[PDB]
Amino acid sequence: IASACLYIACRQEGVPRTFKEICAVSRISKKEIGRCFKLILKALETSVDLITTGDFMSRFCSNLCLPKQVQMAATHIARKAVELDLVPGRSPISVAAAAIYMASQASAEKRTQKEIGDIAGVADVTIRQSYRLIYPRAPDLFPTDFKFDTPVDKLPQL
Amino acid sequence: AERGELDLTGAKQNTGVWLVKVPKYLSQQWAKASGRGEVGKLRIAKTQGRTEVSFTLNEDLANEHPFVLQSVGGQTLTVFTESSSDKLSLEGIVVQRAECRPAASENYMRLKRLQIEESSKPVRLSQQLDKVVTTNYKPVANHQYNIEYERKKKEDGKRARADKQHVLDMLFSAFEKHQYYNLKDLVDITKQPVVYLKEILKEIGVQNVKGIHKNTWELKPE
DNA sequence: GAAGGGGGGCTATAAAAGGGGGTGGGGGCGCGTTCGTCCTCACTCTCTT
DNA sequence: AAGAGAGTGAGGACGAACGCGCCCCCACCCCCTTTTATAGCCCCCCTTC
C-alpha cells in the first residue's frame, strides 16, 4: 500500500516515477504495486493524469550525464513522435528511452542501448523496437535548431 | 622417554649461542634468495682491552653493519626447537646479545620512508567522486531474491491432504523418536496442512501445559 | 564469443469453485531485577540465683 | 550482690511481586487453478557472423 501510495504521490505532483523505479526502492514487486495502485484509486475515488514522455526526460537524461541540448532534443523527438503517432500503443517510457537513444547517438555524448535501458528500466529489445519505428522520420523529429555531431542520415540503423 | 619429553642434551653441553637483533631490510634481502647458502661474513675484531663486532653485506646480495653487544646478566635466555616429528630439543643457552645498526644516517631514512610509504598502500582513503552515482536502485520489475523464492514455492507447491490412516501412521511412528513434539516441527515431519494436521492431532492427541517453555502437544492420546 | 531474432512467458479483465499458507491482532507464561520480611549480631538491664 | 536471657539498635541474605519481554494461537484475507480475446513488455533459447 505504501509503495503504491508513493507512486501515486509522485504522479499527483507532476514528477512520475515508473513502476520499476518505485519497485527498485521497495521489497514489493512491480506486479503487487500495480495491484494496490488500482485499488487505491478506487478507494479514494481519485485519478492521476496520464504520464507523458517528457515526464521522464529530465531524470533519465540527468542520470545518463547527457547535456541539456541532448535532453531538449530527446524531449522534442519523443513529443513529436507521439504527436505524429509513430509509436501507437507503445509505453511512454519505451518511447522516451528510444527518443533519448536517437538524440544521444546524434551528439558527442553517445549512450549505448544497454545504458539507457538500465536507467530507463526498459529492455534494450524494447528500446530497439520503438527506435526502429521512429528512425525513418528522424530528420522530422529532431529540433530544427539542433547541431548534429553525427548527421541524421548516418544515425545507427537497426 | 615419551612424546612430551624434552631433549635437554644441549643444556648439558652448555653450548653457547648469540642473540642478534637485525632490521627487516637485511633479513628481507636474505629472504629474497634464502637458498644460496650464503648471505655475508661476520667479522669480529678484538684488541687488548676492547672488542668490536661488525657485519659486511654480500656484494651480490646488495645488488657496513656494526654490531653492539648487550649485557645478558639481567635475564637468562635459552633456545629450544620443536621437531616436526614431535621431538622437542634444547639447542643451547644464550651467552651474549647483540644489535645491528645502520652505517649511514641520512640516506638510510630514505629507505625507511619508502617502507613507511610501502606499508601505507593498504591504508585506504576516501575517494572524491566527480559524478554522483546513478547506478543504485536501478529500475527492476522484480527483485532477484523475490522471483527465486517465488519460483521455489511454485515448484514445491502447496501441501496436500493425505489420507488419515497414512498421516496417523507417520505420527505414531515418529512418536517413538521423542516423547513430545512442537506443532510447527511436527508439521515439517508429517508435511500436512496445519488445519488438517491439528484436526487429526485433536482427534487423538492432546496438549499439556509445561512450565519450562510453553504448552506443547503430546503425541500420547492419554 | 557478440549480437539479433524466434519462441515462449507475464500482465490485466471478468467470474465461480475449495482449501493451504501468510499475516495481524490478541493471549499466554518464563526469566532478569527490586523491596520488605526474615534472620544474625555488638553493647547494656533484668530475673533468677 | 553476680550468671543467662533479653531489648534495642542495627546490618545482611532470601522470596514474592513487578515488569518485560518472546513465543504462540485464532480470525481474516489472498493465493492457487482453469478458460478466452486482446497488445505490449520482457526472458530464455537458438542461430548467424
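Atom set for the values below is all heavy atoms of this structure, side chains included, hydrogens, waters and symmetry mates excluded. Quick note on labels: first sequence line is chain A, next is B, and so on, each numbered from 1.
Between A:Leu64 and A:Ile116, the closest side-chain pair of non-hydrogen atoms falls below 4.5 Å. Counting heavy atoms from C-beta outward, B:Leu69 and B:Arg97 have side chains that stay 4.5 Å or more apart. Here the side chains of A:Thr46 and A:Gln12 are in contact, with some heavy-atom distance below 4.5 Å. Counting only heavy atoms from C-beta outward, the side chains of B:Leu26 and B:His65 approach each other to under 4.5 Å. B:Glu176 places none of its side-chain heavy atoms less than 4.5 Å from the side chain of B:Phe172.
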>> Assess the residue pair A:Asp149 and A:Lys110 against the criterion (salt bridge (charged side-chain N to carboxylate O under 4.0 Å, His left out)); give the C-alpha distance rounded to whole Å, side-chain angles, the decisive distance to 0.1 Å, and a yes or no.
In response: CA-CA 10 Å; A:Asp149 175 278; A:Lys110 293 171 174 66; 3.3 Å; yes
> Can you list the steps and then say if B:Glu99 with B:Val20 is a side-chain contact (heavy atoms from CB on, under 4.5 Å)?
Replying inline: CA-CA 5 Å; B:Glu99 183 178 1; B:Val20 185; over 6 Å; no
> Taking it one step at a time, do B:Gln29 and B:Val39 satisfy side-chain contact (heavy atoms from CB on, under 4.5 Å)?
Replying inline: CA-CA 9 Å; B:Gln29 286 264 34; B:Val39 289; over 6 Å; no
> So A:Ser62 and A:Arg59, side-chain contact (heavy atoms from CB on, under 4.5 Å) or not? Walk me through it.
Replying inline: CA-CA 5 Å; A:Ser62 299; A:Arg59 188 163 61 265; 6.0 Å; no
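Between the side chains of A:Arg128 and A:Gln113, at least one donor N or O sits under 3.5 Å from an acceptor N or O. Checked by atom type, the side-chain pair B:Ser89/B:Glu91 shows a donor-acceptor distance below 3.5 Å. Side-chain contact of B:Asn146 with B:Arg151: a donor-acceptor pair under 3.5 Å is absent, judged by distance alone.
Across all strands shown, A:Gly117 has no heavy atoms under 4.0 Å from either base or sugar-phosphate atoms. The residue A:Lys114 sits apart from the nucleic acid: no heavy atom pair falls under 4.0 Å. Residue contacts for A:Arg132: at a heavy-atom cut-off of 4.0 Å it reaches the sugar-phosphate backbone alone, with no base atom in range. No contact: B:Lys154 has no heavy atom under 4.0 Å from any strand.
Separating the CZ atom of A:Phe19 from the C1' atom of C:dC10 is a distance of 15 Å, rounded to the nearest angstrom. Rounded to an integer number of Å, the gap from A:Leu158 CG to C:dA3 P is 11 Å. Across the protein-nucleic acid pair, A:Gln129 atom CD and C:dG5 atom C1' stand 11 Å apart, rounded to whole Å.
The aromatic rings of A:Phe146 and A:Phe148 sit perpendicular to each other, their planes meeting at more than 60°, with 30° as the lower class boundary. Below 30°, between 30° and 60°, or above 60°: for B:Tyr25 and B:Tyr108 the angle between ring planes is above 60°, a perpendicular geometry. A:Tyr135 and A:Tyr131 have tilted rings, their planes meeting at an angle from 30° to 60° on a 0 to 90° scale.
A gap of 14 Å separates the P atoms of D:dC30 and C:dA12, to the nearest Å. Across the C1' atoms, D:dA13 and C:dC29 are found 28 Å apart, a figure rounded to whole Å. When the P atom is used for both C:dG26 and D:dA17, the distance is 29 Å, rounded to whole Å. Comparing the same atom, P, in D:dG9 and in C:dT33 gives a spacing of 36 Å after rounding to whole Å.
No canonical Watson-Crick or G-U wobble pair links C:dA17 to D:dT33 with each of its two hydrogen-bond distances shorter than 3.5 Å.
Residue note: C:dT23 shows a south-type sugar, the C1'-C2'-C3'-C4' torsion being below zero. For C:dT44, the torsion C1'-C2'-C3'-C4' is below zero, which places the sugar in the south, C2'-endo range. A negative value of the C1'-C2'-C3'-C4' dihedral assigns D:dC46 to the south, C2'-endo side. Sugar conformation, D:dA16: south. The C1'-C2'-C3'-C4' torsion carries a negative sign. Sugar conformation at D:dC30 is south: the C1'-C2'-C3'-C4' dihedral has a negative sign, consistent with the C2'-endo side.
With B:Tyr180 as the aromatic partner, B:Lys210 meets the cation-pi criteria of under 6.0 angstrom to the ring centre and within 45 degrees of the ring axis.
From the 5' end on, the contacts that DNA chain D makes with chain B at under 4.0 Å to a non-hydrogen atom open and close at D:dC24 to D:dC32.
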Any protein N or O atoms within reach of nucleotides 27-30 of chain C? Criterion: under 3.5 Å, listing atom names and distances.
unit_1: C:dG30; atom_1: OP1; unit_2: B:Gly211; atom_2: O; d: 2.8
unit_1: C:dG30; atom_1: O5'; unit_2: B:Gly211; atom_2: O; d: 3.1
unit_1: C:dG30; atom_1: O3'; unit_2: B:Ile212; atom_2: O; d: 3.1

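Heavy-atom nearest nucleotides on DNA chain D were determined for A:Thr126 and for B:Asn215, and the one closer to the 5' end corresponds to B:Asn215. Both A:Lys38 and A:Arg128 lie close to DNA chain C; mapped to their nearest nucleotides by heavy-atom distance, the more 5′-ward contact belongs to A:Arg128.
Axis angle, first five pairs versus last five pairs of the helix from C:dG1-D:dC49 to C:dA16-D:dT34: 40°, rounded to 10°.
Judged by ring centres under 5.5 angstrom apart and ring planes under 30 degrees, D:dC32 does not stack on its strand neighbour D:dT33.
The local environment of CD in A:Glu13 is sparse, with at most 12 non-hydrogen atoms from other residues, nucleotides or ligands closer than 6.0 Å. Residue B:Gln179 qualifies as open at atom CD: its count of foreign heavy atoms under 6.0 Å is 12 or below. Within 6.0 Å of CD1 on A:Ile1 lie no more than 12 heavy atoms contributed by other residues, nucleotides or ligands. Surrounding CD of A:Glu83 are more than 12 heavy atoms belonging to other residues, nucleotides or ligands, all under 6.0 Å away.
In this structure, D:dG3 and C:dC47 make a Watson-Crick or G-U wobble pair, each of the two defining distances being under 3.5 angstrom. D:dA10: no Watson-Crick or G-U partner with both key distances under 3.5 Å is found in any strand.
Within residues 180-205 of chain B, the residues approached by DNA chain C to less than 4.0 Å at the level of any non-hydrogen atom are B:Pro193, B:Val194, in residue-number order. For DNA chain C, none of the residues of residues 81-99 of chain A falls under the heavy-atom distance limit of 4.0 Å. Annotation: proximity of residues 27-36 of chain A to DNA chain C (heavy atom, distance under 4.0 Å) is found for A:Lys31, A:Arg35, numbered in ascending order.
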